[PDB]
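A.B. asks: first piece of the complex, coordinates kept as in the full assembly:
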Amino acid sequence: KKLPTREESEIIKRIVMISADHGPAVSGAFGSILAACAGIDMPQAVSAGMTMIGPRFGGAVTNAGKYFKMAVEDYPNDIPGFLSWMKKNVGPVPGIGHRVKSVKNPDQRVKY
Amino acid sequence: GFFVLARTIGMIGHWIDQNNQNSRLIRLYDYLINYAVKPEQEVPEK
Amino acid sequence: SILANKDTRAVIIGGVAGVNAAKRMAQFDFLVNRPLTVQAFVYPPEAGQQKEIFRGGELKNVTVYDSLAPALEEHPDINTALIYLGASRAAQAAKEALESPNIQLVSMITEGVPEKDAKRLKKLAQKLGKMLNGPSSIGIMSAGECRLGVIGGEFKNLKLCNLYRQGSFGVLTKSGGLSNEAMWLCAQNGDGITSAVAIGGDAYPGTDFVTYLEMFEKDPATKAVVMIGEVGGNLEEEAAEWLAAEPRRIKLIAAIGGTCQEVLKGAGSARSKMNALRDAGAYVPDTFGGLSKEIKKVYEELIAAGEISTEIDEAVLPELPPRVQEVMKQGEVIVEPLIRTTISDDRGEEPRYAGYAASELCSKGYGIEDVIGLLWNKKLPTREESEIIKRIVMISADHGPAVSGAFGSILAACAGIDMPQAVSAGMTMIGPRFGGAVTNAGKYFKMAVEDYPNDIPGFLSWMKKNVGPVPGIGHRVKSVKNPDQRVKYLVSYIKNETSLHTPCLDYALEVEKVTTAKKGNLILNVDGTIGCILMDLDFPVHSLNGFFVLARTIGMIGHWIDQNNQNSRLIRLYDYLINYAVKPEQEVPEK
C-alpha cells in the first residue's frame, strides 16, 4: 500500500526475475506440465502447479523471514542454540537445504 | 508472494511449451513405481 | 559351514544400520543365488512401513514390525535375530529374541553394551540352549550359503575372497576388520573359507573360541581354522586346552595381537597365548605376515593328504546390475524421457531462460517483462514489445474484490488457507467468462480480419450461430455510459505512442461500435484489447491468456495479504442473498 523506492523497486525486480523458473523437474513446474498434458486450460493447469508451493517447495519464504528475525533477536551470538531450538520445536530450518544445489554445486541465484 | 508470483511466470511458460509440442497425456512408467501392495486375497462373503 | 546356512532366515532388529546390513546380505543372496535372508525388520519408529531392498536388480519390499511377536507370527520361518540397536536398547531386544522359541541364533553388532548385560545374556543363552554371538560382532559369513551382517564388505570383495563357494578353512576372530583380512588370506593362499565368525571384541563374548572350534570339528567341510586373537582375557588359552585335550581332525592356525610388551602378572599376554597354542600343536607365526605362509603350508599339506581337491574356479559369476544412469551414460540402454522441455535449463549454476543466464539478464538491466518474453516466446523482446507487456501487466493487475478470481482468493484467505493454495482457487475462476477470453478474442478477431474484412454483420452472425457471445466483448459494470479507461489507455498508447499496425485491434474497435449500438454494455473489454494487441505483435496464440493469469495473480496475492492483515473471519454467505428454490419437504419412504 506504498509506492516503492527506486532501491526497493530494483530488489523486487531481481527477486521476481531470478525465481521465475528452475526447470521442469520441480513440483510446481511438473504439476503444470502434468495438467498441460492432461489437456487442461492454462489458468487451471497453473493453479495445480501453484498448489505445490508450500513448506518443501518455494513456500518457506515467510517462515525463513520469521525464524531468522527471531534468531537475530533471541540468539544473536548463539547459532547452536538457534539450531537446537529449531530441531526441537519446528524441525528442519525453513530456507536451508536443496535437493541438487550444495557447497560443491552452488546456487548462483543466491550468490547473485 | 514473491515466489508464488515469480514461479507463475515459469509455470505458464511450461504450460505454453507442452501445448506448442502437442504433448500427449503422461501416465507414469511402470518401472518407476514400487508396487509394495498387499498380497492378493479373496473377498469374504457379507 | 557352521552357524549360518541356506536354511537361515533372519529378522533384523534395528533402524538404518539394520537396513544397510540387509542391503549387503541381499547382495550376497544374489551372488549365491538364494532367496532373501532378511524376512522382517523390527523397529517401532518405522513400524508398518516397508523397506526397499534390492536382490541384484529385483526390488524386494521387507515389512517393518513394532515388535518381534507380530514379526514371527507373520514369518514363522525366522530362526535368527540380528541386533542393530544402540547400547541402551540392544540387551532387551537380545533377551526378547533369545526367549522366542523360533530363534536359535542371536548376533549383536552393538558396541558399548554393559558387561553386566552381556554376562546376563550369555547365561540366558546357556539355559535356553541357544547361540549368542557378540556383542560387537560384525557378523557370520558362510561362503556360498549365508551372510549375517556387513561382514565381507563390497560385492567385488565377495568375488575376490571366493565367498560364492565353500573352501576348507574356518575363520575365528575377535576383530571385525580382521575377519575380512583372514577371509582374503584363505582365498589368496588356500581354497577359501567354510565359515567366518567375528566373536566380538568385548570382555565377555556370548560364545567363546572353543564353542566354535567344537562346531568346526563336527563340520566335515572345515579341515583347518584360522583363529585371530588379542591380549586380554582367556579365550585363546582354553582353545589351546581344547586342542591339547584330544587328537582333533581340524588344524589350528593362530595369530595373537598384542606383543607390545614395551608399553604400560600378565596371565593373558600375547606371548603366553602363542606359547600355549604352539605347545598344543597349533601353527603360530611370529608376525601377522607369516599367517599367509601358515595357510599355504596347511593347504599344500591337506592336498598331499588327499583332503582337498585342486578343482579350479570354473564358475560363471553374476555381476551386480548397474544403476540406470550408469548404463545411460555409456549409451547401453534406451530410456524414453517422461517429459521434454525447451524453455529453461536448471542443470548449471543458475537457470538459463531460452539460453540466457538469469543473473546476466539482471546485471545488463533487463526486467520482468523481458523474462516473460523469454519464458513464453523463447525470444528476448524488443523495447516496444517490452513496453507493451509492462503496461498490459500493470493495467490488468487488479480490478477490486467483486470479480470471481479476487473473490475466490478472499474466500480462501478467510477460510484460513495459505497463499499459494488460496491464489490457486482464484486462478481457477479465470476462464471464458472472467479474464480468460484473451486467447479466443485474438483467434476470432484474426479470423474476422481474414474472412470478414468488410463484413462485421457476417462475422457477428457467424459468431452467434457457431461460438455464442463474442470473446472480448461485454462487461458487467463497464459500458458506453461508464467507459473502461484501461482499454482507452492501452488503445491510445498503441495508437499515439507507437507506429504499429494493429489490424485485429482496428477490427475489434469497429465491431464495438456495432455491438454497443445493440446493448450499451457490449464494449470491447480488457480481454479483447490485450488479445488483439498481442495477436498484432504475433505472440504465440497459446501464450495470450498468460498475460491476464500473471497480471491478476498480483491482485489475487494482494487480496490474500489484505484479508490476512485484517484478520478476517470465515465468510458464510448471508441468507438474504440466497434464493432457496428447493423442493417441498417430504418424508422418506420406507425401503
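C.D. replies: Okay, I see it. Residues are numbered from 1 along each chain as shown, chains lettered A, B, ... in the order given.

A.B. asks: what's the helix or strand for residue A:45?
C.D. replies: With the criterion set as DSSP states H and E, the secondary-structure element containing residue A:45 is helix A:42-50.

A.B. asks: so what does that helix touch, helix or strand wise?
C.D. replies: If contacts are counted by 3 or more Cβ pairs under 8 Å, 6 or more residues apart in numbering or on different chains; DSSP states H and E, helix A:42-50 sits against helix A:27-37, helix B:2-20, helix C:419-427, helix C:546-566. Bear in mind the C-beta positions are built from the backbone N, C-alpha and C, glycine included.

A.B. asks: for the residue most central in space within chain A, name its beta-bridge partners.
C.D. replies: Among the residues of chain A, residue A:58 comes closest to the average C-alpha position under Cα atoms, centre = their mean, at 3.3 Å. In this structure, residue A:58 has beta-bridge partners residue A:54, where bridges are defined by DSSP bridges.

A.B. asks: how much space between it and residue C:339?
C.D. replies: Counting by Cβ to Cβ, to the nearest Å, the separation of residue A:58 from residue C:339 is 20 Å.

A.B. asks: is stretch A:6-20 anywhere near chain C?
C.D. replies: Yes: Stretch A:6-20 comes into contact with chain C when judged by Cβ under 8 Å from any Cβ of the partner chain, the residues involved being A:13, A:14, A:16, A:17, A:18, A:20.

A.B. asks: which residues touch the residue in chain A positioned nearest to chain B?
C.D. replies: Closest contact between chain A and chain B, by Cβ to the nearest Cβ, is at residue A:21 (2.9 Å). Applying Cβ atoms under 8 Å, 6 or more residues apart in numbering or on different chains to residue A:21 gives the contacts A:29, B:7, B:9, B:10, B:13, B:14, C:343, C:344, C:346, C:351, C:353, C:375.

A.B. asks: let's see it at 7 Å
C.D. replies: Applying Cβ atoms under 7 Å, 6 or more residues apart in numbering or on different chains, we find residue A:21 in contact with A:29, B:9, B:10, B:13, C:344, C:351, C:353, C:375.

A.B. asks: before we move on, what about residue A:41?
C.D. replies: The neighbourhood of residue A:41, defined by Cβ under 7 Å, 6+ apart, consists of residue C:431.

A.B. asks: okay, now residue A:3: neighbour count?
C.D. replies: Counted with other Cβ atoms under 10 Å in any protein chain shown, residues neighbouring residue A:3 total 6.

A.B. asks: same question but for residue A:43, I mixed them up
C.D. replies: Counted with other Cβ under 10 Å, the burial measure for residue A:43 works out to 26 neighbours.

A.B. asks: spatially nearest residue to it (excluding sequence neighbours)?
C.D. replies: Spatial nearest neighbour of residue A:43, excluding adjacent residues (Cβ to Cβ, 6 or more residues apart in numbering or on different chains): residue C:430 at 3.6 Å.

A.B. asks: now do the same contact list for the residue nearest to the centre of chain A.
C.D. replies: The neighbourhood of residue A:58, defined by Cβ under 7 Å, 6+ apart, consists of A:28, B:3, B:7.

A.B. asks: next one: phi and psi at residue A:102?
C.D. replies: Recorded main-chain torsions at residue A:102 are phi -160, psi -170, according to degrees, to the nearest 10.

A.B. asks: neighbours of it, just the number please.
C.D. replies: When neighbours are counted by other Cβ under 10 Å, residue A:102 registers 10.

A.B. asks: can you check the one 10 residues further on too?
C.D. replies: Applying other Cβ under 10 Å, we find 16 residues neighbouring residue A:112.

A.B. asks: show me what contacts it?
C.D. replies: Contacts were defined as Cβ under 7 Å, 6+ apart; by that measure residue A:112 touches A:18, C:359, C:362.

A.B. asks: mind listing what the first one touches?
C.D. replies: Same thing as residue A:18. With contacts defined as Cβ under 7 Å, 6+ apart, residue A:18 is in contact with A:109, A:112, C:358, C:359, C:362.

A.B. asks: mind doing that once more with 8 Å?
C.D. replies: With contacts defined as Cβ under 8 Å, 6+ apart, residue A:18 is in contact with A:109, A:112, B:6, C:350, C:358, C:359, C:362.

A.B. asks: another chain to add, chain D:
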Amino acid sequence: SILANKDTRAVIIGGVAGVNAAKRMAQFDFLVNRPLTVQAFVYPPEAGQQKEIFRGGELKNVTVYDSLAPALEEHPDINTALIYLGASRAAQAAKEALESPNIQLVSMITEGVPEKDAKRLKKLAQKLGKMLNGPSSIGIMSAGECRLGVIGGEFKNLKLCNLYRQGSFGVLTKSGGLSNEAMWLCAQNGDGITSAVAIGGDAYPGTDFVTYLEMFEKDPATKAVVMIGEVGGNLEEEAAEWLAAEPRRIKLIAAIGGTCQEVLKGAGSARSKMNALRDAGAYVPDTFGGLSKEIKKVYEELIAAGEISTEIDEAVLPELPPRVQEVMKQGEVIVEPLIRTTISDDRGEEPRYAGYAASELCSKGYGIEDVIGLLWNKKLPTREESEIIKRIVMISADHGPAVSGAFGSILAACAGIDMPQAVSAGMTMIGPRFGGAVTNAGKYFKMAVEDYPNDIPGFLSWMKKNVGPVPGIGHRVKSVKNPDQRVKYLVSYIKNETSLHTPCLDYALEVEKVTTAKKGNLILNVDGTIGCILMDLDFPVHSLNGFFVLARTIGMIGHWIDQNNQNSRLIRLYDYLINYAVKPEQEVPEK
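C.D. replies: Time to bring in chain D:
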C-alpha cells in the same frame, strides 16, 4: 557405392512416415558409426517442434521447420531431400527441393503421384542437373555408408545382409520388397552389396536403369549388378541396349517378372526383355530361385579373376541397446523407483484395492463405504465401521450453498469452469475454519483424554495458549438455541445403535457443556464429532479429513450441476456488500 554415401545429409519432408524412416536411418547410422543422416524435418502441421530420434542409446532432437528455406538456412550441410508426403502435396515439395541450390538428390516414397507430375519433375531435374529417384521408391541403401528410407528392414536384417560394409554387388529393382530380397541374395551367395536402389514401380521413374548402370560402371567397388525388373515399359530393353553397345566392366544379373502369358507388338513382355538381356550378355535365370545360383556363379568367377578377396567378416558389431523396461524385466539394471504405492495395483485385468479385486467386492455385495476403508485403512471394514462411515458420508454430503466450499464451486460453475476444476476450487476452501478440523479435533481430543482426563479447564487453558480456538468447537449459524441435528444424530447412533466405546467423543461432549456456557455458538460441530468418532474407531490420523473432503465433494458436484442446469450468469459481488476502506485517491509523483 553410388548415390548415398557418408557425405549424404538429408532433410525429410513429411510427417509420421518421415519420422519412422528417420528412426530406421538412425539405427543404420549407429551400426556404421556415422553422424545422423537426417538433419531436419519440414512439416508445417508440426512446425517448431522437435522429434526425439535415438542413434543407438543416444537421443537426438531433430527440429521441424515450416518450409525448406529456413531448414537449409539453419543446416547448409543438407544435400538430399526425402519426400514422405501424400500424392496431392509430394510433387510441389519435390519441385521446391529440386530448385534449392543445396539439394543434389531428391527421392520420393509417395505412391499415387500423377504421371504428368512425375514427367514434369524428371524434366526439371534434367534442366538443373540433379538426381530424382522415384516416385514410389522405398529408398537407396549404400552398405557401410548411408541408408535413405526404410529399405533394409529391421536391425537384425542389416546384420544378416552385411549392410555394415561394402560388398561387390549393385542392386537395381523397380519393386521395394524385392530390393531387400536381392540384398540378402548378394550377402548369402556373394559378398554383399555396394548400393541397392529401388527406382520405383511407377510408369515414369525419375531415373531409369541405364542412368544407374552408368554410375555402377564408374564405381570401382561394384563388379556386378543384380537388376530385378517386370513386364511394362522399355527400361530393361534400354539396359540390354546399354550392355550390348560397348564391352562393360560390370556383369549384369537380371530377373524379369511377368511370364504370366498364359493367364487372362507386345514389346514390353517379360519373355522379350529376358531374351534382349540374355542376348546382350546378361546372366538371366529361368525363375527367381535361379538368381542365387547366378550370384554364386559371378562371385566364384570374380574370386578366380582376383577381383574379390576372401577376407571373412572378423568385425565386432554394435548391438541395439534394449529399452530400460526390457533390462528391468530381466533384472539386469537397477532403477530406483520415483514413487512407492501400498494401497492399489492396476497392473492386472482390474484394480486390486488392498489386495482385493474391485469387481469381486461389487459381486459379494460390498459398498462405497467398504472401498473407502480399503483404500484409506488397507483393511476391509467391519459391518459396524462400515455403517458408521456410511452415515458420516451421508450426513456431511451437503450443507447448502452459503458455506465456502459449496460457494467456491458455485462461483467457478458461474465463471463457466468445468466440473473437476470448479469442484477443486471449492475443495481448496476445506481447511482449519471450514470442514478441515476433523484431524486436529481427533488429535487434540485424544491428547485431552490422555493428558487432562479430569481437567477440561486445564485442556482449554493449554489450547488457548498453544493452538488458539479448539478444532471441532464453534459454528457460524448453529448454537445451543439452534442445535445441529447432524451431530445429535451421529452421537445418538453411536451411543444407541453400536457397541463402540468412545472416550474422545465423551470428552468432547463434556467440553461442549463448558464452551457453550462461555458463548452459545461454541457447540461441538460436525468436524469435532466425526474427528472423535473416527479416533475412537482407531482410524489412521491422516485419514480423518478424508471423510469431510469426500462427503462434501457430493455437495460441491451437486451445486455445480445445479448452476449449470439453471444456466447461471457470472457472479460479480454487489457493490453495496463491499466496504471499500481504500486509501484517499492521489496523483502519482514524477520519477
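
A.B. asks: the contacts of residue A:21 with chain D there, same question as before?
C.D. replies: By Cβ under 8 Å, 6+ apart, residue A:21 lies in contact with A:29, B:7, B:9, B:10, B:13, B:14, C:343, C:344, C:346, C:351, C:353, C:375.

A.B. asks: ok, which pair from these is furthest apart?
C.D. replies: The widest separation within these, taken as Cβ to Cβ, falls between B:9 and C:346 and amounts to 14.3 Å.

A.B. asks: quick one: buried residues of stretch A:99-109?
C.D. replies: Judged by neighbour count (16 or more other Cβ atoms under 10 Å in any protein chain shown), stretch A:99-109 contains these buried residues: A:101, A:108, A:109.

A.B. asks: do any residues in that stretch lie close to chain D?
C.D. replies: No: Stretch A:99-109 lies apart from chain D when judged by Cβ under 8 Å from any Cβ; the minimum separation is 13.3 Å.

A.B. asks: kindly check the end-to-end length of that stretch for me.
C.D. replies: One end of stretch A:99-109 sits 15 Å from the other (Cα to Cα, to the nearest Å).

A.B. asks: and for stretch A:94-106?
C.D. replies: Taking Cα to Cα, stretch A:94-106 runs 18 Å from one end to the other.

A.B. asks: and stretch A:94-108, by the same measure?
C.D. replies: Length of stretch A:94-108, first residue to last, Cα to Cα: 19 Å.

A.B. asks: can you check stretch A:48-61 too?
C.D. replies: With Cα to Cα applied, stretch A:48-61 spans 20 Å between its terminal residues.

A.B. asks: can you check stretch A:44-56 too?
C.D. replies: The straight-line separation of the ends of stretch A:44-56 (Cα to Cα) is 22 Å.

A.B. asks: with stretch A:38-58 instead?
C.D. replies: With Cα to Cα applied, stretch A:38-58 spans 24 Å between its terminal residues.

A.B. asks: pull out the buried positions in it.
C.D. replies: If you call a residue buried by 16+ other Cβ under 10 Å, then stretch A:38-58 has these buried ones: A:40-53, A:57-58.

A.B. asks: do stretch A:62-74 as well
C.D. replies: Counting neighbours by 16+ other Cβ under 10 Å, one finds that the buried residues in stretch A:62-74 are A:67, A:71.

A.B. asks: quick one: distance of that stretch to the chain centre.
C.D. replies: Counting by Cα atoms, centre = their mean, to the nearest Å, stretch A:62-74 is centred 15 Å from the centre of its parent chain.

A.B. asks: what's in contact with that stretch?
C.D. replies: Under the criterion Cβ under 8 Å, 6+ apart, residues A:55, A:79, A:82, A:86, A:90, A:93, A:94, A:95 lie in contact with stretch A:62-74.

A.B. asks: switch the cut-off to 10 Å
C.D. replies: Under the criterion Cβ atoms under 10 Å, 6 or more residues apart in numbering or on different chains, residues A:55, A:60, A:78-79, A:81-83, A:85-86, A:89-90, A:93-96, B:1, B:3, C:418-419 lie in contact with stretch A:62-74.

A.B. asks: now the buried members of those residues.
C.D. replies: Among these, those classed as buried by neighbour count (16+ other Cβ under 10 Å) are A:60, A:82, A:85, A:86, A:93, A:94, B:1, B:3, C:418, C:419.

A.B. asks: residues from chain A in reach of chain D?
C.D. replies: Chain A comes close to chain D at residues A:1-3, A:6, A:9, A:35, A:38, A:40-41, A:43-45, A:47-48, A:51, as judged by Cβ under 10 Å from any Cβ of the partner chain.

A.B. asks: could you redo the last one with a cut-off of 7 Å?
C.D. replies: Contact residues of chain A with respect to chain D, defined by Cβ under 7 Å from any Cβ of the partner chain, are listed as A:1, A:44.

A.B. asks: residue of chain A closest to chain D, please.
C.D. replies: Across chain A, the shortest distance to chain D (Cβ to the nearest Cβ) belongs to residue A:44, at 4.5 Å.

A.B. asks: now for that residue: which residues touch it?
C.D. replies: Residues in contact with residue A:44, defined by Cβ under 7 Å, 6+ apart, are A:35, C:428, D:421.

A.B. asks: now with 8 Å?
C.D. replies: Listed by Cβ under 8 Å, 6+ apart, the contact set of residue A:44 reads A:35, C:427, C:428, C:431, D:417, D:421, D:424.
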